[PDB]
2 protein chains.
Amino acid sequence: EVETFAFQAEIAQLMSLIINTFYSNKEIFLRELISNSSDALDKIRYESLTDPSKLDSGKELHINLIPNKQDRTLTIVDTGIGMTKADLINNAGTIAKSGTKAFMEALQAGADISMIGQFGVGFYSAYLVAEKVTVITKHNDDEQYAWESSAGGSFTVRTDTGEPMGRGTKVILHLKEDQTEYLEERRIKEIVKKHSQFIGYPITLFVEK
Amino acid sequence: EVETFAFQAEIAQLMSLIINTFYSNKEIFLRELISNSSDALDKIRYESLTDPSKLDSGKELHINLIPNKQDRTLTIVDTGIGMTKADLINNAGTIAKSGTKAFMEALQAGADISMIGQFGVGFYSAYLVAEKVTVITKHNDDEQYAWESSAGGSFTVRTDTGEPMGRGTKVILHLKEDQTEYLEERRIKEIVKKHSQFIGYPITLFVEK
Ligand SMILES: O=c1[nH]nc(-c2cc(Br)c(O)cc2O)n1-c1ccccc1F
Ligand SMILES: O=c1[nH]nc(-c2cc(Br)c(O)cc2O)n1-c1ccccc1F
């Protein structure tokens with residue numbers, strides 16, 4: 001049922017760096033996840049031009065931001081192309097090994113953490129605000145899977161028999177106790193306006209209560 | 001045999017806007033092309049994680065900048081994934097319609113031309129400095145093709161008979177007479193340092209002669 005995998009040494013080092021480096025501009029995690037969501041939506045939209053049946057799993061191409069103060073979670077949902085089990089095992093669809101190597105070299109040369117997305121490892125900026133990240137995903141060519149990691153050098157992959165999503169990716173951020181500002185409506189609106197104003201897909205910020 | 005194609009209407013409008021709008025900050029074209037090269041390199045790097053044989057066409061993942069004052073050309077070469085004939089043609093079709101339309105709307109609302117890359121049409125910033133653009137490309141699943149356009153609403157596609165490149169994309173900018181500063185070593189170095197200082201792949205600026 002649950003398979004446990006060790007992260008390669010470079011990715012584990014990047015995750016420890018993201019967690020342990022003092023860096024106040026944490027809000028960039030949201031631009032990074034929305035950017036990944038936009039890329040995944042572009043991929044399914046492209047594939048649908050030659051094969052319209054690729055949208056049988058859902059025609060709407062959108063991004064939803066779901067805060068939950070009770071669970072202390074911020075969920076980013078997209079109806080993009082999704083990820084296969086193999087993509088999840090490939091460090092949640094990243095070029096994590098070569099990307100980390102190049103990003104560490106850039107940091108040593110004076111680059112800042114906000115440039116993480118240029119190295120194909122933008123997803124890991126989620127650990128600036130989350131103690132645990134759960135990735136629920138459904139690709140047309142595979143079953144629905146749940147990827148999960150609290151860092152610490154390992155991640156798990158299991159088949160998600162739960163609520164079917166049709167197609168796409170759900171990123172569930174289990175926020176650190178001191179990062180609850182990212183659950184507030186006015187904070188999320190401010191970040192979206194600042195860093196993701198020209199995203200080519202509708203972004204819906206859900207209300208609570 | 002040369003095939004002639006019409007640009008998607010919105011791209012033809014964007015190209016005329018890029019060519020006719022007064023905009024002094026032309027140097028941003030380099031950042032956009034290097035960004036495209038970086039994305040294409042990410043794609044081949046990702047694909048090789050599951051299939052290492054995808055690097056049989058070349059293991060080195062890099063970007064080369066080649067100025068030629070004699071030919072008045074600036075060439076951007078990458079060893080990325082490359083483009084098939086279908087991609088090469090269809091990139092200028094219906095897929096680019098929304099991003100182009102959204103960019104032209106953003107411009108009407110006060111956005112500036114330098115934001116082109118946020119709309120997935122950064123390639124067309126090449127027409128800020130070039131009177132003609134030639135794109136030589138080689139994808140693992142197809143033959144080598146040459147795309148070309150001097151704008152005016154059409155582009156051509158033909159099989160390339162010149163140097164086979166193994167794998168990747170070559171963007172040849174036939175510079176406007178008044179844009180020859182982009183052939184000078186100190187100008188290219190200054191632009192790379194300013195806009196593309198921390199790319200995930202090595203950038204080599206070739207010396208002339
Ligand atoms: O493809 C695909 N599918 N899905 C996906 C995702 C992921 C993530 Br981490 C997130 O957050 C979201 C999403 O949507 N994708 C991608 C994109 C971009 C990059 C890389 C990759 F993997
Ligand atoms: O994929 C692929 N392959 N190749 C390519 C290219 C292009 C261009 Br325009 C340039 O300049 C460069 C390169 O390299 N690609 C891409 C990227 C980005 C975007 C879109 C697309 F198509």
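All chains are named by letter (A, B, ...) in the order of the sequence lines, taking the proteins before the strands, and each is independently numbered beginning at 1. Scope of the values below: all heavy atoms of this structure, side chains included, with no hydrogens, waters or symmetry mates.
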* Toward chain A, the part of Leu61(B) with a non-hydrogen atom under 4.5 Å -> neither
* Which pairs count as ring-ring contact (aromatic ring centres under 6.0 Å, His included) when at least one residue sits in residues 82-120 of chain A, sequence neighbours excluded? -> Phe103(A)-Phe119(A)
* What option among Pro202(B), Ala86(B), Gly200(B) has the most heavy-atom pairs under 4.5 Å with chain A? -> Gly200(B)
* **Qualifying salt bridge (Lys or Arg N to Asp or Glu O under 4.0 Å) pairs with a residue from residues 113-124 of chain A, counting only residues at least two apart or across chains** => none
* Asked: Which atoms of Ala96(A) come close to chain B, meaning under 4.5 Å heavy atom to heavy atom: side chain ones, backbone ones, both, or neither?
  -> neither
Here's a test: name every donor-acceptor pair under 3.5 Å between chain B and chain A, with the distance for each.
unit_1, atom_1, unit_2, atom_2, d
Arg45(B), NE, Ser98(A), OG, 3.1
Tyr46(B), OH, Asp87(A), OD1, 2.7
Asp87(B), OD1, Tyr46(A), OH, 2.9
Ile95(B), O, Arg45(A), NH1, 3.3
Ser98(B), OG, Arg45(A), NH1, 3.3

* Structure fact -> Honestly, the part of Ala106(A) sitting under 4.5 Å from a heavy atom of chain B is both
